């Protein structure tokens with residue numbers, strides 16, 4: 001990227017961007033800013049208890065999204081991402097053969113809560 005590079009980040013952090021606290025936190029990948037483009041977390045499981053598959057690991061599911069199309073997105077071994085712009089949030093491809101994909105529960109930035117509720121045992 002470069003300046004496509006600055007927009008990528010700028011876009012993703014347009015809402016948390018005024019106060020430097022609010023805006024760094026965002027670039028600091030750790031919590032989700034609206035649907036979670038800003039997110040360089042560390043959460044390897046879906047909201048239901050399932051273990052995310054590797055981004056390059058391409059079995060049980062073959063991903064259309066691949067770090068080889070989403071220069072963008074940090075499709076770093078099996079963490080939870082949001083390379084598309086999903087309403088539900090940073091998601092991941094499950095390792096359960098009948099669950100292609102599911103979102104992940106992640107810390108929101110600022111008003112701490114959870115992106116989506118985690119399913120009980």
Notebook entry, point to check: Considering only DSSP beta bridges with both partners in the chain, what is the antiparallel share in %, to the nearest 5?
Noted result: 80
Notebook entry, point to check: Under a GNM of the chain (C-alpha, springs under 10 Å), which listed residue has the highest mean-square fluctuation: 99, 27, 75?
Noted result: 99
Notebook entry, point to check: GNM on the chain, C-alpha springs below 10 Å: top fluctuator among 102, 51, 64?
Noted result: 64
Note to self: What Kirkwood Rh does the chain have if only Cα atoms enter the pairwise 1/r average? Answer in Å.
What the structure shows: 14.5
Margin query: Can you give me the C-alpha center-to-center distance between the stretch 77-121 and the stretch 1-49, rounded to a whole angstrom?
Written below: 14
Check: With springs only between Cα atoms under 10 Å, which of 95, 68, 46 fluctuates most in a Gaussian network model of the chain?
Finding: 68
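Values in this text are rule-based calculations from the coordinates and carry no lab data.
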